[PDB]
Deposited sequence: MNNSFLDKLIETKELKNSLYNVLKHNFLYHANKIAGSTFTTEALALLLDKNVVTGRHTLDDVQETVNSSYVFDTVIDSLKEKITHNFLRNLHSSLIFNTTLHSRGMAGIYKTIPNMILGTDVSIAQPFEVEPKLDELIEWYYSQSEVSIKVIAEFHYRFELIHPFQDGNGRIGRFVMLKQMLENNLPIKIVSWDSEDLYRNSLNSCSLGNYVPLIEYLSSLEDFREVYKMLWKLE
């Protein structure tokens, strides 16, 4: 019943979820928008503070991507769905040219803070199919399923940039679609999210599961808004 109410306000439960999610997801990606500045941008289309053009444009894009994710609930994660999310997210940035929007990487990339083996470009499309086919094979989608999906997706790292944000968008989508607790990956001075990721390995996602469990359920925190 949470989802219906969320939809019927599309100040509102929707704007709270959007503001919180976008704030943390973008800040993890390096955005310098404060909570007040992001609120002002989302509500009144006014930019304040010091930002790169890319930060401004990508924050604005992230708003549209969030809307798309909510509008496309229950729809299948496909290659084109993911490429369109990426395309919306990096629209009108210094990555739009070169036409890396919205396209899988052609040149090897990396996640720094680690030397873990990222998927080579040629492996992106097949592994992703194997991942998607795996995801929809699950009888019941759980936080554990979503955590494994998240880690594997990030290890694939299909796009040259924006992998973190797109991954967390998809994670939010999966949670919403399966009436699971809404766990919003939050920024913090200690990099608990990143460290939980780095404690993980293929076949071992317990650090991420524990991290997600350590997060509060958004649905309960703002129960006053819907219940």
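Missing C-alpha coordinates mark the following deposited-sequence intervals, in order: 1 to 3, 14 to 16, 234 to 235.
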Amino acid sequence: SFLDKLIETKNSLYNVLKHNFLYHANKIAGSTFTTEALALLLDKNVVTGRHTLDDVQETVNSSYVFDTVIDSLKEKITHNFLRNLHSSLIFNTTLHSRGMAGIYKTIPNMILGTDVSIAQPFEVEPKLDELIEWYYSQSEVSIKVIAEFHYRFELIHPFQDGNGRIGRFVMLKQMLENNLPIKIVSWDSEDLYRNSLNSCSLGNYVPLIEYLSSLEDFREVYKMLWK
From here on, numbers count along this sequence of modelled residues.
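The deposited model assigns a higher average Cα B-factor to 198 to 206 than to the other stretch when 33 to 41 and 198 to 206 are compared.
Of the two segments examined, 188 to 196 and 167 to 175, it is 188 to 196 that shows the higher average Cα temperature factor in the deposited entry. In this structure the maximum Cα B-factor among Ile146, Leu89, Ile132, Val116 is found at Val116. Ranked within its chain, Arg98 lands in the highest third, by CA B factor from the PDB record. For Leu73, the recorded CA B-factor ranks within the middle third of the chain. Only modelled residues enter the ranking. Placement of the Cα temperature factor of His24 within the chain: lowest third of the modelled residues, per the deposited record. In the deposited entry, the Cα temperature factor of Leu82 sits in the bottom third of values across the chain's modelled residues.
Compared with the other modelled residues of the chain, the Cα B-factor recorded for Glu154 ranks in the lowest third.
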